[PDB]
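K.L.:
coords-v4.cif is reproduced below (mmCIF, C-alpha atoms).
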data_start
#
loop_
_atom_site.label_atom_id
_atom_site.label_comp_id
_atom_site.auth_asym_id
_atom_site.auth_seq_id
_atom_site.Cartn_x
_atom_site.Cartn_y
_atom_site.Cartn_z
CA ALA A 2 0.00 0.00 0.00
CA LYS A 3 1.72 3.13 -1.33
CA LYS A 4 0.47 6.58 -2.30
CA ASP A 5 1.79 9.85 -3.65
CA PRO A 6 3.99 11.68 -1.09
CA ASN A 7 2.20 14.93 -2.00
CA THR A 8 -1.21 13.53 -1.03
CA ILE A 9 -1.31 15.28 2.37
CA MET A 10 -0.49 18.90 3.13
CA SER A 11 2.87 18.96 4.90
CA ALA A 12 2.81 22.44 6.47
CA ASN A 13 -0.82 23.32 7.32
CA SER A 14 -0.27 26.90 6.12
CA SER A 15 -2.23 29.43 4.04
CA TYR A 16 -5.92 28.47 4.48
CA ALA A 17 -4.91 25.49 6.66
CA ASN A 18 -3.39 27.55 9.48
CA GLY A 19 -4.58 26.30 12.86
CA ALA A 20 -5.79 22.92 11.59
CA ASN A 21 -5.38 20.03 14.03
CA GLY A 22 -5.26 16.85 11.94
CA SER A 23 -4.19 16.13 8.37
CA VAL A 24 -5.39 17.96 5.25
CA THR A 25 -5.47 16.73 1.66
CA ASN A 26 -3.63 18.55 -1.12
CA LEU A 27 -6.02 20.34 -3.49
CA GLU A 28 -3.37 20.60 -6.24
CA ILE A 29 -3.16 16.87 -7.04
CA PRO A 30 -5.41 15.75 -9.93
CA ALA A 31 -9.11 15.23 -9.26
CA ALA A 32 -11.51 12.92 -11.07
CA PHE A 33 -13.63 15.62 -12.74
CA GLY A 34 -11.26 16.85 -15.45
CA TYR A 35 -10.67 15.15 -18.79
CA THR A 36 -10.50 11.69 -17.20
CA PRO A 37 -9.76 10.31 -13.72
CA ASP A 38 -6.47 8.66 -12.81
CA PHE A 39 -6.32 5.61 -10.55
CA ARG A 40 -2.84 6.61 -9.33
CA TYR A 41 -4.27 9.38 -7.11
CA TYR A 42 -7.55 7.96 -5.80
CA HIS A 43 -6.35 8.08 -2.18
CA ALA A 44 -7.13 11.81 -2.21
CA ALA A 45 -10.70 11.01 -3.29
CA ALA A 46 -11.61 9.87 0.22
CA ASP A 47 -14.59 11.85 1.47
CA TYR A 48 -15.68 13.76 4.55
CA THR A 49 -18.07 12.23 7.08
CA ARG A 50 -19.53 14.30 9.90
CA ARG A 51 -19.44 13.06 13.49
CA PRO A 52 -21.55 13.79 16.58
CA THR A 53 -20.88 16.94 18.57
CA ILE A 54 -19.53 16.77 22.12
CA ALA A 55 -20.43 19.21 24.89
CA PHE A 56 -18.14 20.36 27.71
CA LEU A 57 -19.51 22.35 30.62
CA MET A 58 -17.10 25.20 31.37
CA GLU A 59 -18.93 27.30 33.98
CA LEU A 60 -21.70 27.01 36.55
CA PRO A 61 -24.39 29.44 37.75
CA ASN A 62 -23.53 31.24 40.97
CA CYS A 63 -27.06 30.69 42.28
CA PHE A 64 -26.04 27.12 43.14
CA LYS A 65 -23.78 28.46 45.91
CA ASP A 66 -26.74 29.95 47.79
CA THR A 67 -28.47 26.54 47.93
CA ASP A 68 -28.03 23.90 50.63
CA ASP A 69 -26.14 21.51 48.32
CA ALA A 70 -24.43 22.98 45.26
CA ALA A 71 -22.65 19.69 44.57
CA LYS A 72 -25.92 17.99 43.61
CA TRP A 73 -26.97 20.80 41.28
CA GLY A 74 -23.57 20.92 39.61
CA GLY A 75 -23.29 17.18 39.16
CA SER A 76 -26.79 16.87 37.73
CA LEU A 77 -26.22 19.77 35.33
CA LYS A 78 -22.93 18.25 34.15
CA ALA A 79 -24.47 14.80 33.68
CA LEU A 80 -27.42 16.20 31.72
CA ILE A 81 -25.15 18.28 29.48
CA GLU A 82 -22.51 15.65 28.77
CA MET A 83 -24.09 12.17 29.16
CA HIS A 84 -27.89 12.19 29.07
CA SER A 85 -28.09 14.39 25.96
CA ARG A 86 -29.78 12.16 23.38
CA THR A 87 -29.73 14.82 20.66
CA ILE A 88 -28.37 18.33 20.12
CA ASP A 89 -29.26 20.76 17.35
CA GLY A 90 -29.36 24.43 16.45
CA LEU A 91 -25.61 25.07 16.13
CA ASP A 92 -24.56 27.19 13.15
CA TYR A 93 -22.10 29.97 12.28
CA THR A 94 -22.47 30.11 8.50
CA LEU A 95 -21.36 33.23 6.63
CA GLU A 96 -23.48 35.52 4.46
CA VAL A 97 -22.60 38.20 1.91
CA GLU A 98 -24.44 41.16 0.40
CA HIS A 99 -23.95 43.16 -2.80
CA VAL A 100 -25.43 46.12 -4.67
CA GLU A 101 -26.22 46.36 -8.38
CA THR A 102 -26.30 49.05 -11.05
CA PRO A 103 -27.07 48.67 -14.78
CA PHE A 104 -23.89 48.39 -16.86
CA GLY A 105 -25.73 49.72 -19.89
CA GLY A 106 -29.24 48.95 -21.06
CA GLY A 107 -28.60 45.44 -22.37
CA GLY A 108 -29.57 43.70 -19.14
CA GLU A 109 -26.21 43.22 -17.44
CA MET A 110 -25.47 44.48 -13.93
CA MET A 111 -22.33 45.69 -12.16
CA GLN A 112 -22.04 44.36 -8.61
CA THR A 113 -20.18 45.91 -5.66
CA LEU A 114 -19.58 44.26 -2.30
CA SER A 115 -21.51 45.87 0.56
CA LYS A 116 -21.52 43.78 3.75
CA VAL A 117 -20.63 40.39 5.25
CA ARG A 118 -22.31 38.68 8.22
CA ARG A 119 -22.47 35.41 10.17
CA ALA A 120 -25.23 33.08 11.33
CA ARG A 121 -26.46 32.62 14.91
CA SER A 122 -26.86 29.48 17.01
CA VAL A 123 -30.02 28.54 18.90
CA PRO A 124 -29.09 25.43 20.93
CA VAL A 125 -31.76 22.77 21.49
CA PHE A 126 -31.17 19.78 23.77
CA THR A 127 -33.31 16.66 24.09
CA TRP A 128 -33.60 14.07 26.87
CA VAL A 129 -35.69 11.06 27.88
CA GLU A 130 -37.40 11.01 31.27
CA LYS A 131 -36.36 8.62 34.04
CA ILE A 132 -38.11 6.92 36.95
CA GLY A 133 -39.31 9.62 39.32
CA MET A 134 -38.98 12.29 36.61
CA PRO A 135 -35.72 13.93 37.76
CA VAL A 136 -35.10 15.89 34.53
CA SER A 137 -38.43 17.73 34.60
CA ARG A 138 -38.02 18.45 38.30
CA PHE A 139 -34.50 19.76 37.70
CA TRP A 140 -35.43 22.17 34.92
CA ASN A 141 -38.76 23.34 36.37
CA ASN A 142 -37.27 24.04 39.80
CA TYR A 143 -34.28 25.74 38.19
CA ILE A 144 -36.67 28.12 36.42
CA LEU A 145 -38.94 28.63 39.43
CA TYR A 146 -36.26 29.23 42.08
CA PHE A 147 -33.61 31.02 39.98
CA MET A 148 -35.40 32.81 37.11
CA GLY A 149 -39.01 33.71 37.90
CA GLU A 150 -42.33 32.72 39.42
CA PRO A 151 -45.44 33.48 37.31
CA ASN A 152 -47.63 34.86 40.11
CA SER A 153 -45.02 37.46 41.11
CA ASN A 154 -42.35 37.23 38.37
CA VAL A 155 -39.75 37.06 41.16
CA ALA A 156 -37.25 34.31 41.90
CA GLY A 157 -38.24 32.14 44.84
CA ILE A 158 -34.67 32.10 46.17
CA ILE A 159 -35.17 35.74 47.18
CA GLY A 160 -37.36 34.24 49.91
CA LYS A 161 -34.15 33.52 51.80
CA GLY A 162 -32.00 36.25 53.37
CA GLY A 163 -28.91 37.99 52.08
CA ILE A 164 -28.98 37.17 48.38
CA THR A 165 -26.38 39.18 46.50
CA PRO A 166 -27.72 42.50 45.15
CA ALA A 167 -26.10 41.60 41.81
CA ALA A 168 -28.35 38.55 41.41
CA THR A 169 -29.89 40.11 38.28
CA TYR A 170 -26.72 39.82 36.17
CA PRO A 171 -26.34 36.91 33.73
CA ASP A 172 -23.48 35.29 35.65
CA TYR A 173 -25.93 34.57 38.48
CA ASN A 174 -28.19 32.25 36.46
CA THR A 175 -26.36 31.36 33.23
CA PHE A 176 -23.71 28.81 32.26
CA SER A 177 -21.38 28.14 29.33
CA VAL A 178 -20.70 25.10 27.14
CA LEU A 179 -18.09 24.23 24.51
CA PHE A 180 -19.11 22.24 21.42
CA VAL A 181 -16.54 20.23 19.44
CA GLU A 182 -16.81 18.00 16.37
CA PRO A 183 -13.95 15.45 16.29
CA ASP A 184 -12.54 13.33 13.46
CA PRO A 185 -13.25 9.59 13.03
CA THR A 186 -10.40 8.76 15.44
CA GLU A 187 -11.63 11.16 18.16
CA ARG A 188 -8.17 12.71 18.44
CA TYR A 189 -8.44 16.11 16.68
CA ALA A 190 -11.04 18.90 16.78
CA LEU A 191 -12.16 19.76 13.26
CA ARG A 192 -14.65 22.43 14.37
CA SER A 193 -15.45 24.09 17.69
CA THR A 194 -17.92 26.59 19.12
CA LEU A 195 -18.01 28.50 22.41
CA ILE A 196 -21.53 29.49 23.49
CA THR A 197 -22.21 31.46 26.68
CA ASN A 198 -25.15 33.28 28.28
CA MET A 199 -27.30 30.14 28.41
CA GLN A 200 -30.62 29.71 30.18
CA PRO A 201 -33.98 28.22 29.17
CA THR A 202 -36.22 30.12 26.78
CA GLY A 203 -39.78 29.45 25.66
CA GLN A 204 -41.62 26.31 26.72
CA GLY A 205 -40.38 24.26 29.66
CA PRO A 206 -40.83 20.53 30.22
CA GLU A 207 -44.33 19.49 29.21
CA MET A 208 -46.86 19.07 32.03
CA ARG A 209 -49.80 17.48 30.25
CA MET A 210 -52.10 14.98 31.97
CA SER A 211 -54.73 12.65 30.55
CA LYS A 212 -56.84 9.56 31.24
CA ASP A 213 -57.36 6.67 28.81
CA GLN A 214 -57.37 3.11 30.13
CA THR A 215 -57.66 1.21 26.83
CA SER A 216 -54.61 3.07 25.48
CA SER A 217 -50.96 2.03 25.90
CA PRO A 218 -48.54 4.10 28.06
CA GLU A 219 -45.90 6.13 26.22
CA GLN A 220 -42.44 7.60 26.73
CA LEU A 221 -41.90 11.21 27.78
CA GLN A 222 -39.31 13.18 25.78
CA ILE A 223 -37.92 16.47 27.11
CA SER A 224 -37.08 19.24 24.63
CA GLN A 225 -35.58 22.52 25.86
CA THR A 226 -34.21 25.54 23.99
CA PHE A 227 -31.49 27.89 25.22
CA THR A 228 -30.07 31.37 24.72
CA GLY A 229 -26.48 31.96 23.70
CA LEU A 230 -23.58 34.20 22.70
CA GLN A 231 -21.32 32.49 20.17
CA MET A 232 -17.60 32.89 19.50
CA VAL A 233 -15.61 31.14 16.76
CA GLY A 234 -12.06 31.42 15.50
CA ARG A 235 -8.63 29.93 16.12
CA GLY A 236 -8.35 30.33 19.89
CA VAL A 237 -11.56 28.34 20.22
CA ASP A 238 -9.97 25.64 18.06
CA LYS A 239 -6.91 25.56 20.31
CA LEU A 240 -9.12 25.26 23.39
CA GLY A 241 -11.14 22.46 21.80
CA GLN A 242 -7.98 20.59 20.82
CA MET A 243 -6.64 20.92 24.36
CA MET A 244 -9.90 19.56 25.79
CA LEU A 245 -9.85 16.67 23.31
CA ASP A 246 -6.25 15.84 24.24
CA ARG A 247 -7.68 14.92 27.61
CA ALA A 248 -10.03 11.94 27.52
CA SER A 249 -7.25 9.85 26.01
CA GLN A 250 -8.04 6.46 24.49
CA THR A 251 -4.65 4.86 25.14
CA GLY A 252 -4.74 1.48 26.85
CA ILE A 253 -8.49 0.83 26.55
CA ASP A 254 -10.29 -1.89 24.60
CA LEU A 255 -14.06 -2.38 24.48
CA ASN A 256 -13.78 -6.02 23.34
CA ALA A 257 -11.39 -7.00 26.17
CA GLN A 258 -13.38 -5.48 29.03
CA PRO A 259 -14.44 -7.89 31.80
CA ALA A 260 -18.01 -9.12 31.89
CA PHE A 261 -20.15 -7.10 34.29
CA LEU A 262 -20.89 -10.42 36.04
CA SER A 263 -18.15 -12.59 37.54
CA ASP A 264 -20.21 -15.64 38.56
CA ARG A 265 -23.68 -16.94 39.32
CA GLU A 266 -25.14 -15.43 42.47
CA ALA A 267 -25.21 -17.29 45.78
CA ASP A 268 -28.90 -18.19 45.33
CA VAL A 269 -28.30 -20.15 42.11
CA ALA A 270 -25.55 -22.19 43.78
CA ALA A 271 -27.99 -23.01 46.58
CA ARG A 272 -30.23 -24.76 44.04
CA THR A 273 -29.31 -28.32 43.05
CA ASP A 274 -31.25 -28.56 39.75
CA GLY A 275 -29.06 -27.72 36.79
CA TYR A 276 -26.51 -28.73 34.20
CA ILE A 277 -23.50 -29.04 36.50
CA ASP A 278 -25.50 -30.61 39.34
CA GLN A 279 -26.47 -33.62 37.22
CA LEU A 280 -22.83 -34.37 36.45
CA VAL A 281 -21.60 -33.69 39.98
CA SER A 282 -24.14 -35.67 42.00
CA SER A 283 -26.87 -37.26 39.89
CA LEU A 284 -24.66 -39.22 37.48
CA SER A 285 -22.69 -42.29 38.52
CA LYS A 286 -18.89 -42.08 38.37
CA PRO A 287 -17.51 -45.61 37.90
CA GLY A 288 -14.44 -44.66 35.84
CA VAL A 289 -13.48 -45.61 32.29
CA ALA A 290 -12.13 -49.11 31.61
CA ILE A 291 -11.46 -50.27 28.05
CA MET B 244 -41.72 51.64 52.13
CA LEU B 245 -40.05 48.94 50.03
CA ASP B 246 -37.91 47.64 52.89
CA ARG B 247 -41.19 46.70 54.50
CA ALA B 248 -43.31 44.10 52.71
CA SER B 249 -40.50 41.62 53.19
CA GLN B 250 -40.29 38.53 50.99
CA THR B 251 -38.37 36.29 53.40
CA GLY B 252 -40.07 32.96 54.05
CA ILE B 253 -42.54 33.46 51.18
CA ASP B 254 -42.66 30.50 48.78
CA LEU B 255 -45.70 30.31 46.51
CA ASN B 256 -44.67 26.89 45.18
CA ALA B 257 -44.82 25.49 48.73
CA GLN B 258 -47.98 27.22 49.96
CA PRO B 259 -50.67 24.90 51.38
CA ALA B 260 -53.66 24.26 49.16
CA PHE B 261 -56.73 26.37 49.92
CA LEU B 262 -58.58 23.06 50.37
CA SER B 263 -57.12 20.65 52.92
CA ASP B 264 -59.59 17.75 52.62
CA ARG B 265 -62.73 16.61 50.83
CA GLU B 266 -66.11 17.93 51.92
CA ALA B 267 -68.20 16.14 54.53
CA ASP B 268 -71.17 15.67 52.18
CA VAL B 269 -68.86 14.35 49.46
CA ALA B 270 -67.52 11.71 51.86
CA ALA B 271 -71.07 10.70 52.85
CA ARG B 272 -72.09 9.38 49.42
CA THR B 273 -69.78 6.33 49.48
CA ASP B 274 -70.02 5.87 45.70
CA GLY B 275 -66.59 7.02 44.53
CA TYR B 276 -63.18 5.64 43.62
CA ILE B 277 -62.01 4.98 47.18
CA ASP B 278 -65.37 3.62 48.32
CA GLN B 279 -65.28 0.64 45.96
CA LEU B 280 -61.97 -0.51 47.44
CA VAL B 281 -62.99 0.23 51.03
CA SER B 282 -66.38 -1.50 50.98
CA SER B 283 -67.22 -3.14 47.64
CA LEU B 284 -64.32 -5.45 46.78
CA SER B 285 -63.48 -8.48 48.90
CA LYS B 286 -60.01 -8.69 50.46
CA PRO B 287 -59.08 -12.38 50.78
CA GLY B 288 -55.32 -11.75 50.77
CA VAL B 289 -52.56 -12.62 48.31
CA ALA B 290 -50.97 -16.07 48.10
CA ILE B 291 -48.26 -17.10 45.63
CA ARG C 51 -23.06 -28.06 18.64
CA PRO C 52 -26.07 -27.19 20.82
CA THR C 53 -25.89 -24.07 22.98
CA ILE C 54 -26.00 -24.30 26.78
CA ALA C 55 -27.82 -21.82 29.03
CA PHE C 56 -26.52 -21.13 32.55
CA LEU C 57 -28.62 -19.10 34.97
CA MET C 58 -26.76 -16.17 36.53
CA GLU C 59 -29.44 -14.30 38.52
CA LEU C 60 -32.91 -14.68 40.01
CA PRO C 61 -35.63 -12.01 40.24
CA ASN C 62 -35.88 -10.28 43.60
CA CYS C 63 -39.66 -10.74 43.68
CA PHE C 64 -38.94 -14.37 44.59
CA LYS C 65 -37.90 -13.24 48.07
CA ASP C 66 -41.34 -11.67 48.62
CA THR C 67 -43.10 -15.04 48.15
CA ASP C 68 -43.87 -17.66 50.77
CA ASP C 69 -41.40 -20.13 49.19
CA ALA C 70 -38.58 -18.43 47.29
CA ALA C 71 -36.55 -21.63 46.99
CA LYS C 72 -39.30 -23.36 45.00
CA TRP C 73 -39.64 -20.42 42.59
CA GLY C 74 -35.87 -20.25 42.11
CA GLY C 75 -35.42 -23.97 41.60
CA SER C 76 -38.31 -24.16 39.14
CA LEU C 77 -36.94 -21.26 37.09
CA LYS C 78 -33.45 -22.79 37.09
CA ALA C 79 -34.68 -26.22 36.01
CA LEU C 80 -36.87 -24.72 33.30
CA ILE C 81 -34.03 -22.63 31.87
CA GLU C 82 -31.40 -25.38 32.02
CA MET C 83 -33.05 -28.84 31.88
CA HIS C 84 -36.50 -28.42 30.31
CA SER C 85 -35.33 -26.24 27.41
CA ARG C 86 -36.40 -28.30 24.40
CA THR C 87 -35.05 -25.66 22.00
CA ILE C 88 -33.51 -22.19 21.99
CA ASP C 89 -33.31 -19.73 19.10
CA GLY C 90 -32.91 -16.05 18.29
CA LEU C 91 -29.33 -15.48 19.45
CA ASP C 92 -27.25 -13.30 17.14
CA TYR C 93 -24.42 -10.76 17.39
CA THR C 94 -23.48 -10.28 13.73
CA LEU C 95 -21.78 -7.12 12.46
CA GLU C 96 -22.69 -4.69 9.68
CA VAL C 97 -20.62 -2.11 7.78
CA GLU C 98 -22.22 0.90 6.07
#
Do you think you could lay out the structure here as structure tokens?
P.N.:
Amino acid sequence: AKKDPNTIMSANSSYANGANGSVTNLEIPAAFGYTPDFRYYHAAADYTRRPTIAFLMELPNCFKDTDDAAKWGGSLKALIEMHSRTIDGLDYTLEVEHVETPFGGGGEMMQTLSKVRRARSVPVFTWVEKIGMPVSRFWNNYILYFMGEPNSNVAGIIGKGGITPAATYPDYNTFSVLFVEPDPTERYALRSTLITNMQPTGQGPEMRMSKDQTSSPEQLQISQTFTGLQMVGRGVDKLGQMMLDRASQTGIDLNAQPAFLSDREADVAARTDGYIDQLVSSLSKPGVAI
Amino acid sequence: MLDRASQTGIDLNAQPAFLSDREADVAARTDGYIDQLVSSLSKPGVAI
Amino acid sequence: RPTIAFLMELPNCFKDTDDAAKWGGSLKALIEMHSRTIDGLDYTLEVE
């Protein structure tokens, strides 16, 4: 197995500055000219997108005022990084604008660049409820005790004493997350996004109730939307690469892991009705004589 | 004025319900959900 | 060659019965000795 030494960019310069992994060379022949060449097909390998990963970077300061901030922090981290079944609404696409003027009466136009912009992310997480409904409790109580209460539009936590006068600033009740898309080997960060100023917006967890006894029960699925301020560039890529350097995969193997059970429980051994029991005690053992 | 009208101890998500128990006439009919279990169905026990 | 099934665990509801040993022994014998046939086991791979 050999390929052209010029297949991969060697310097990661020009438009490849700040890249983490390996980049193909755009100057080696492609298939869509006069005719393709089978000597260079290695560079015809294609891109495949991979799931995004979330890293919690900051915590609300309202958790400190509670009796147990450890529980709130751990639950928030678990929801963000493990329980997330689906994430969506991330985008920083570019947009351009121009102006026109007739270059004569024929029908042609002369175009002049005017402005350039970028898209905006609206994160949306999704979960599946658990026994006892901890996710809905978590989010609803977060809103009620840290954001507002409909009958007074005032946070319930103010019902304690000595809450900081600066409790109305975003750092009191907002957190930050870092989103990274790795490569197939989960070693390099191809794209990254830093979103801050997050807290629920719109509908909360659904609180519908109904009665129908002939019908079949169903699963509850939590969908929540969030606010955000987005930053993208090269420093974000460096931060994402540093985070991905952690969580190393050296020395692990998912096909060599021990079975989660080591033996049959003590109750099974107590029973004398099975495969091994018949050989051990039920069957005669006279020996083998030829 | 605003220092008064304190909000300490006030929790509207933990306030007791304005009704604490079912009405006395309602409990006298004995033809509801609880009543069938209390009086209608036999209770021979569970054996298995 | 034929597959062999070994019981590893019993349900905990067996302890809430009058005779848990009988339930456990019956389940064990059914899984191991009375199994006339077993089918449906598969862990094949697939590449897309």
K.L.:
Given the file shown, determine the residues that the PyMOL selection byres ((chain B) within 12 of (chain C)) selects; report them as a list in words.
P.N.:
residues 289, 290 and 291 of chain B
K.L.:
Counting only C-alpha atoms, which residues of chain C sit at most 12 Å from some atom of chain A, and what is each one's closest atom pair with its distance in Å to one decimal, listed by chain and rising residue number, as a tab-separated table?
P.N.:
residue	atom	partner	partner_atom	distance
C:54	CA	A:276	CA	8.7
C:55	CA	A:276	CA	8.7
C:56	CA	A:276	CA	7.8
C:57	CA	A:265	CA	6.9
C:58	CA	A:265	CA	4.2
C:59	CA	A:266	CA	5.9
C:60	CA	A:269	CA	7.5
C:61	CA	A:268	CA	10.5
C:62	CA	A:268	CA	10.7
C:64	CA	A:268	CA	10.8
C:65	CA	A:268	CA	10.6
C:70	CA	A:268	CA	9.9
C:71	CA	A:272	CA	7.6
C:72	CA	A:272	CA	9.2
C:73	CA	A:272	CA	10.5
C:74	CA	A:272	CA	7.5
C:75	CA	A:272	CA	5.8
C:76	CA	A:274	CA	8.3
C:77	CA	A:274	CA	9.6
C:78	CA	A:275	CA	6.6
C:79	CA	A:274	CA	5.6
C:80	CA	A:275	CA	9.1
C:81	CA	A:275	CA	8.6
C:82	CA	A:275	CA	5.8
C:83	CA	A:275	CA	6.4
C:84	CA	A:275	CA	9.9
C:85	CA	A:275	CA	11.4
K.L.:
Using all atoms listed in the file, select each residue of chain A with any atom at most 10 Å away from an atom of chain B, and give the selection as a ChimeraX atom specification.
P.N.:
/A:142,145-146,150-153,155-163
K.L.:
Expand the PyMOL selection byres ((chain A and resi 229-239) around 9) into the explicit residue set it covers here, and present it as a PDB file with C-alpha atoms, in the frame of the given file.
P.N.:
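Just written: out_13.pdb:
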ATOM      1  CA  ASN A  18      -3.390  27.550   9.480  1.00  0.00           C
ATOM      2  CA  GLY A  19      -4.580  26.300  12.860  1.00  0.00           C
ATOM      3  CA  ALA A  20      -5.790  22.920  11.590  1.00  0.00           C
ATOM      4  CA  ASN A  21      -5.380  20.030  14.030  1.00  0.00           C
ATOM      5  CA  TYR A  93     -22.100  29.970  12.280  1.00  0.00           C
ATOM      6  CA  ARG A 121     -26.460  32.620  14.910  1.00  0.00           C
ATOM      7  CA  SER A 122     -26.860  29.480  17.010  1.00  0.00           C
ATOM      8  CA  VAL A 123     -30.020  28.540  18.900  1.00  0.00           C
ATOM      9  CA  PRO A 124     -29.090  25.430  20.930  1.00  0.00           C
ATOM     10  CA  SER A 177     -21.380  28.140  29.330  1.00  0.00           C
ATOM     11  CA  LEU A 179     -18.090  24.230  24.510  1.00  0.00           C
ATOM     12  CA  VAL A 181     -16.540  20.230  19.440  1.00  0.00           C
ATOM     13  CA  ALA A 190     -11.040  18.900  16.780  1.00  0.00           C
ATOM     14  CA  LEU A 191     -12.160  19.760  13.260  1.00  0.00           C
ATOM     15  CA  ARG A 192     -14.650  22.430  14.370  1.00  0.00           C
ATOM     16  CA  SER A 193     -15.450  24.090  17.690  1.00  0.00           C
ATOM     17  CA  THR A 194     -17.920  26.590  19.120  1.00  0.00           C
ATOM     18  CA  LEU A 195     -18.010  28.500  22.410  1.00  0.00           C
ATOM     19  CA  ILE A 196     -21.530  29.490  23.490  1.00  0.00           C
ATOM     20  CA  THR A 197     -22.210  31.460  26.680  1.00  0.00           C
ATOM     21  CA  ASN A 198     -25.150  33.280  28.280  1.00  0.00           C
ATOM     22  CA  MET A 199     -27.300  30.140  28.410  1.00  0.00           C
ATOM     23  CA  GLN A 200     -30.620  29.710  30.180  1.00  0.00           C
ATOM     24  CA  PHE A 227     -31.490  27.890  25.220  1.00  0.00           C
ATOM     25  CA  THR A 228     -30.070  31.370  24.720  1.00  0.00           C
ATOM     26  CA  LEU A 240      -9.120  25.260  23.390  1.00  0.00           C
ATOM     27  CA  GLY A 241     -11.140  22.460  21.800  1.00  0.00           C
ATOM     28  CA  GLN A 242      -7.980  20.590  20.820  1.00  0.00           C
ATOM     29  CA  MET A 243      -6.640  20.920  24.360  1.00  0.00           C
ATOM     30  CA  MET A 244      -9.900  19.560  25.790  1.00  0.00           C
TER      31      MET A 244
END
K.L.:
Please report the interatomic distance between CA of residue 118 (chain A) and CA of residue 97 (chain A) in Å with one decimal.
P.N.:
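Between CA of residue 118 (chain A) and CA of residue 97 (chain A) the gap works out to 6.3 Å.
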K.L.:
Mind pulling up the distance from CA of residue 62 (chain A) to CA of residue 169 (chain A)?
P.N.:
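Interatomic distance, CA of residue 169 (chain A) to CA of residue 62 (chain A): 11.2 Å.
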K.L.:
Give me, please, the distance in Å between CA of residue 281 (chain B) and CA of residue 133 (chain A), quoted to one decimal.
P.N.:
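Value for the CA of residue 281 (chain B)-CA of residue 133 (chain A) distance: 28.0 Å.
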K.L.:
Which residues match the PyMOL selection byres ((chain A and resi 84) around 12) in the file above, as a PyMOL selection string?
P.N.:
chain A and resi 54-55+76-83+85-88+126-131+135-136+222-223
K.L.:
Using 4 Å of padding on each side, determine the axis-aligned box around all atoms of region 63-79 of chain C present in the file and give its centre and edge lengths in Å to one decimal, as JSON.
P.N.:
{"center_x": -38.7, "center_y": -18.5, "center_z": 43.4, "size_x": 18.4, "size_y": 23.5, "size_z": 22.8}
